[PDB]
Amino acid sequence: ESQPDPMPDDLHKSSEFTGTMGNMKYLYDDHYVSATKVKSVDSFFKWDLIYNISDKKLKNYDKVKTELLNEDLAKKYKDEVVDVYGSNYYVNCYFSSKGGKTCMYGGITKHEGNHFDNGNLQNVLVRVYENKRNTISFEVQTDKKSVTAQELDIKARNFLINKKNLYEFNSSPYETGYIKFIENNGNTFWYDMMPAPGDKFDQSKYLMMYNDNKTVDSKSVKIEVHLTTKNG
C-alpha cells in the first residue's frame, strides 16, 4: 500500500528547531550535483558508488560519493551507464577512493533510453497548499522519463525558496511542510520538508531519506507541497 499521509503530530515544526534554517536552505538553493552518461569508478562501502563528476560551478570537487539503501541497489548500478542528480553535502562527507570530494544519496538513473530525442524536457505539475488551500501551482522540468523523486523535490524547493521564501537564513515563514508524490497507479509517498527539532541540523542524516533512490514516471507523476503557517 502507499505511505499514509501525515497528521500534524507526525511533522517537524520549524518552531521547535533552534538552529540555522540557512543550513537547510543551503541544500536546495541552486545547489545540486548533475552528471550525464557516467559510470561509477569506485565504491567505499558496499552500499555506495563513487563517480568522477567535477564542480562545473566553483571547482569544489571532482569525486562524488552517493550512498544507497542496500547492497543490491549499488550492485545494480555499479557497472551501468547512468545519470546523476541529487543534493550534496560536505559536513561529515567521508571516503577514501582508489581534487575535492562531496557526498549524497540516491540520485541514480539508467541513462539508456531514459531521455527525450530532442533536448525536450518534461513538465511535472507542482501544486502548493498553504493551510490546506492551493495558493500557487507550477511545473518543474526534467530531462528524464523515469526521474528520481529527489531531483523533482530539489527543483520544487529551489523554486519555492525564491518565490515563497520556503527557507530563510534563520527560520522559515512556515511551521510545517511536506512534499507529496502521487504516482499514476495511485501510490503516494512524502518527505518532511522541515528539520528535526533541536539546535543543530544534520544535513547528512536528513538527505539519507533519498536513500531508496525512488524513481517515478515524469510524464504522469503529480506533486503536492503542503505547507502551514504557525497560526494560520
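The first residue of the sequence shown is number 1, and the count goes up from there. Take the two forms, find the largest set of C-alpha atoms that superpose within 1.5 Å, and that set is the rigid core.
For the pair 117-125 and 158-166, greater average C-alpha departure from the shown form in 6 other deposited structures of this protein after core alignment is found in 117-125.
According to the record, the deposited sequence contains 4 to 9 residues between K98 and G99 that were left without coordinates. For the two regions 21-29 and 218-226, the entry's Cα B-factors average higher over 218-226.
Averaged over Cα atoms, the B-factor as recorded in the entry is higher for 8-16 than for the other of 205-213 and 8-16. Of the candidates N134, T102, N114, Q150, it is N114 whose Cα B-factor is highest according to the PDB record. Annotation for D192, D42, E168, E67: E168 ranks highest, by Cα B-factor. Remark: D62 belongs to the highest third of its chain, ranked by C-alpha B-factor as recorded. Looking at the C-alpha B-factors along this chain, the one for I179 belongs to the lowest third.
Among all modelled residues in its chain, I108 ranks in the middle third by Cα B-factor. Ranked by C-alpha B-factor against the other modelled residues of its chain, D48 falls in the lowest third.
Per-chain ranking of the deposited C-alpha B factor places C93 in the middle third.
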